[PDB]
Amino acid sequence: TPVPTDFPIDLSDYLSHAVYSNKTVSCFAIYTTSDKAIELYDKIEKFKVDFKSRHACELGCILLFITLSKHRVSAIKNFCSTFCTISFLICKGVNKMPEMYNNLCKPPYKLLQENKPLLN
């Protein structure tokens, strides 16, 4: 098994790939195992989220969410890795949240997930 490295390509365009940025976005998405995803579904409630949801992805499980306060992409990644028990994890800020959600409800992607429907 690859793991792999980054988000699947079919939605890898909807993401922000900035290593040299300090911008504090409000929208984030993550990619781990459905198990590690299930647990992170609760930890996120430290940044007081307005919305959150976990979807079903091929050979993984993506969970996106949005907070009220702005935060760093790096700040979120560093926060989740605290639970990383030899498990894989990748974090990137979503520039277009509405496009992402609907894309995770297509064919290769399902739901289970969320909390609220429309966004801000």
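Note that residue numbering begins at 1 and tracks the sequence as displayed.
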- Pick between 98-106 and 20-28: the one whose mean CA B-factor in the entry is higher. 98-106
- When the C-alpha temperature factors are averaged for each of 29-37 and 56-64, which stretch ends up with the higher value in the entry? 56-64
- Task: Quick one: which of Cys91, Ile44, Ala75, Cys84 shows the highest Cα temperature factor in the PDB entry?
- Result: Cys84
- Note on the structure: Binned into thirds over the chain's modelled residues, the C-alpha B-factor of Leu112 lands in the highest
